[PDB]
Amino acid sequence: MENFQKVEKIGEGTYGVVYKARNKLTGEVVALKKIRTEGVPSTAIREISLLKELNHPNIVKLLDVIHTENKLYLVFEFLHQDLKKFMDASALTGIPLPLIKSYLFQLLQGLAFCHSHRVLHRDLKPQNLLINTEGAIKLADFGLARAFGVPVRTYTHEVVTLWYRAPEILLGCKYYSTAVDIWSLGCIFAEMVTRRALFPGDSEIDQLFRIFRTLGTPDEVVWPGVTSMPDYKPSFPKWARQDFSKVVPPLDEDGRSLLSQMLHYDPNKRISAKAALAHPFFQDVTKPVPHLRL
Ligand SMILES: C=CCNc1nc(N)c(C(=O)c2ccccc2)s1
């Protein structure tokens, strides 16, 4: 825009392009997301309102929404680094447990807040978890599938990451819940600990089968109603559940217990963000400051 001067192209988001920009008048530095359409939704612009009214230390602030010239611009407070970059930069030594614990605890606070206000993220991944020099971590780039809804990928040519998708989404459930965000965060928690993605699928079925090979193929016993799901096939191979201690070594029992509750197959058995906050794993949580190279 004319009121904003592009500094750098931050990346090609899920809906559009993201730039680091400066408000040519206020001098404020922000993250600007540009969105593509001929009709322009309504339930969306109102769904965006819910997002703008969200105020929480662990949620990126949506400062302004500008609809002009068939383009939709979302102005967000700017953070200097994302968790994917931080994990890559920490791959040799790993992120220290106290910081992993702090980040998980803060993200659960953010989700607990979103969820109590009936807001779902839907697409948590390391790339949209932003961190600052003060030791905070915040949820960014909320899905809003209850608006445009992810069709194929994006609007040009970009491979959508399926690594953090909950099983119920992969099995075709149209009405998923807040539980989908807990699953994604559990996958991220595992990744921070082991320094390797938990379920790195390269297709929907491979994603589903990588989950099955690790947690066991779900059945009516562990997930009532699973065989009646839209894309469930009786022909799915039957894999036995692997021993959990092989999953995230050398994470302690408190951490493994919490992770297991975040990865329950049944969305109704999966722990809530609020209940997770009370888990024994956080008894000694603190707020360390990360070493960030900007
Ligand atoms: C991580 C480096 C860029 N700094 C960013 N700050 C904010 N606030 C961002 C976002 O809000 C964002 C938007 C779409 C996709 C990913 C992140 S990115």
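Residues numbered from 1 in each chain as written, not as in the entry; some residues may be left out. Heavy atoms only, no water.

Per the PDB entry, the chain carries the name Cyclin-dependent kinase 2 and comes from Homo sapiens. According to the record, the entry carries the title "CDK2 in complex with inhibitor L4".

*Asks:* If you had to explain the packing of helix α3 (residues 97-116) against helix α5 (residues 179-194) to someone new, which residues and values would you point to?
*Replies:* The N-to-C vectors of α3 and α5 enclose an angle of 170°; their axes lie 11 Å apart at closest approach. Put simply, α3 runs roughly antiparallel to α5. Listed contacts from α5 to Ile100, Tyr103, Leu104, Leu107, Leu108, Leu111 and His115 of α3 are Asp181, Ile182, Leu185, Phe189, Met192 and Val193. Of the residues that constitute the contact of α3 with α5, the class distribution is 11 nonpolar, one polar and one charged. (Axes fitted to C-alpha atoms, helices over the stretch in contact; angles between N-to-C directions. Helix = DSSP H or I, 4+ residues; strand = E, 2+ residues; numbered from the N terminus. Parallel < 35°, antiparallel > 145°, perpendicular 65-115°, else oblique. Contact = heavy atoms within 4.5 Å. Nonpolar A, V, L, I, M, F, W, Y, C, P; charged D, E, K, R; others polar.)

*Asks:* How would you summarise the environment of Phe76 if you had to cite specific residues and measurements?
*Replies:* Examined against the element boundaries, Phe76 turns out to sit in strand β5 (residues 71-77). On the basis of relative accessible area, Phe76 is assigned to the buried category, the value being 17%. Considering only alpha carbons, one finds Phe76 and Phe236, 160 residues apart in sequence, at a separation of 43 Å. Excluding anything up to four places from it in sequence, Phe76 contacts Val30, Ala31, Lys33, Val60, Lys61, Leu62 and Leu63. (Buried < 20%, exposed > 50% of the residue type's maximum accessible area, 1.4 Å probe, protein only.)

*Asks:* I'd like to hear about the site of the ligand, residue by residue, with values.
*Replies:* The environment of the ligand is made up of 13 residues, and the closest members are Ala31, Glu77, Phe78, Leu79 and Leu130. Contact between the ligand and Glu77: a nitrogen atom at 2.7 Å from a main-chain N or O atom of the residue. Taking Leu79, its main chain carries an N or O atom lying 2.7 Å from a nitrogen atom of the ligand. When the ligand sits alone it has 440 Å² of accessible area, and the protein chains cover 91% of it. For the shell around the ligand, the secondary structure elements donating two or more residues are β5 and β6 (81-82). A breakdown of the residues in the shell around the ligand according to their chemical character gives nine nonpolar, one polar and three charged. Residue-level mapping places the shell around the ligand at the junction of two domains, with at least three residues from each of domain 1 (1-80) and domain 2 (81-291). (Near = heavy atom within 4 Å. Polar contact = N/O pair within 3.5 Å; in protein donor to acceptor, adjacent residues only side chain to side chain. Areas by Shrake-Rupley, 256 points an atom, 1.4 Å probe, with all protein chains shown as cover. Domains from an automatic or database assignment.)

*Asks:* Give me the pattern of salt bridges: which residues, what numbers.
*Replies:* In this structure the tally under the stated criterion is 12 salt bridges. The salt bridge involving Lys101 is made with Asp284; its shortest N-O contact spans 2.6 Å. Note that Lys101 is positioned in helix α3 and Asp284 in the segment after α8 (273-277), a separation of 183 residues in sequence. Owing to a relative accessible area of 6%, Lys101 belongs among the buried residues under this scheme. A salt bridge links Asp206 to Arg213; the shortest N-O distance between them is 3.9 Å. With relative accessibility at 16%, the residue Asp206 sits in the buried group. (Salt bridge = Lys/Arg side-chain N within 4 Å of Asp/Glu carboxyl O.)

*Asks:* Kindly report on unusual backbone geometry, identifying the contributing residues and their values.
*Replies:* Here the amide bond leading from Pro249 into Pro250 is cis, since omega sits at 0°, within 30 degrees of zero. For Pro250, the location among the structural elements is in the loop between α6 (204-215) and α7 (253-262). Of note in this structure, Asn70 is not a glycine but carries a positive phi near 55°. Looking at where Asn70 falls in the secondary structure, it is placed in the loop between β4 (62-68) and β5. Of note in this structure, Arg118 is not a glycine but carries a positive phi near 55°. If you trace the backbone, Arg118 turns up in the loop between α3 and β7 (129-131). Judged by its relative accessible area of 63%, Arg118 falls in the exposed class.

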